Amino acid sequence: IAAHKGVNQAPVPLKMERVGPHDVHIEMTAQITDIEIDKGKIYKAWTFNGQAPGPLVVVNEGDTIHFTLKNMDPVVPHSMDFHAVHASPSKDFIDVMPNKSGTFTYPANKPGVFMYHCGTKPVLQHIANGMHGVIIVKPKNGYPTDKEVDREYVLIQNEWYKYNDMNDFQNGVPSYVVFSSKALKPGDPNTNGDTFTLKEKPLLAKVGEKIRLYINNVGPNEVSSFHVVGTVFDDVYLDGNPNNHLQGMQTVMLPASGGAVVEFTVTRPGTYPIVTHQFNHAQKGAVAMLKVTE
């Protein structure tokens, strides 16, 4: 797209503020940003806020979101679909033209770990180019295992294909499959989907801790067989809904857009790989590390 040649829009911070006990404002951008997805490989991604996946959003169960999208893309319209919300797609997930803004309001009544993504036709194109992310909705009533959790992180899985190539998007294997981490608390890492960052800079934890991971496989196209090497999931909440409780899972199957809350104990010092156990995907990038110290 001629109007994207040479474009590299610097990342813009997410903006959120609470405006009532059950109402939260969120402002995001759609913007075109170069991201290094593998060593030596730049992808001129379509993004929210200059990150792919996009910035993490966290709200409380029962919050109504008053969402603004500022479209900085000079030529392509963009939109927002939060899986967390109840909304009319044809009224509330509609396009925002280049250099314009739109505001949409809708409730997040269900706890969990939801995908968000651009909803502009062709949606495959917009997602595959990088317009995906996660919104976490915290349960009013928490999770039954909250008291045991010692540390937590967010991990997102996505694929990368040949750049902006609809034939490949539809018909081809992924070039890369990758994890990223999005920060929940100051000091947490905040990374993009790439083959290397979470190997070079592992997530951190201490011996004996119970770790919670909030996870989502945003696709676009693949399912995920999520596994932490050297442990077993004590507890799993499918989609992050506290009612959807499994125990003692080795591996969690995630559909495309599928989420979970998973919890596990790291018993010994060392480095613990985190994979999709579809090992072709692991080999093309989808291995993160968790470094556990005494």
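Numbers for residues come from their place in the sequence shown, where the first is 1.
Per-stretch averaging of Cα B factors for 159-167 and 138-146 places 138-146 on top. Comparing 264-272 with 44-52, the higher mean C-alpha B-factor in the PDB entry belongs to 264-272. Within the selection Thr195, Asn109, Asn221, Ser181, the deposited Cα B-factor values reach their highest point at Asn109. Listed residues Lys206, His132, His83, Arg212 were ranked by CA B-factor as deposited; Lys206 comes out on top. Annotation for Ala288: C-alpha temperature factor in the middle third relative to the rest of the modelled chain, per the entry. Among all modelled residues in its chain, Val24 ranks in the middle third by Cα B-factor. Sort the chain's modelled residues by C-alpha temperature factor and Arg151 lands in the highest third, per the entry. When the modelled residues of the chain are ordered by C-alpha B-factor, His227 sits in the lowest third. When the modelled residues of the chain are ordered by C-alpha B-factor, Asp235 sits in the middle third.
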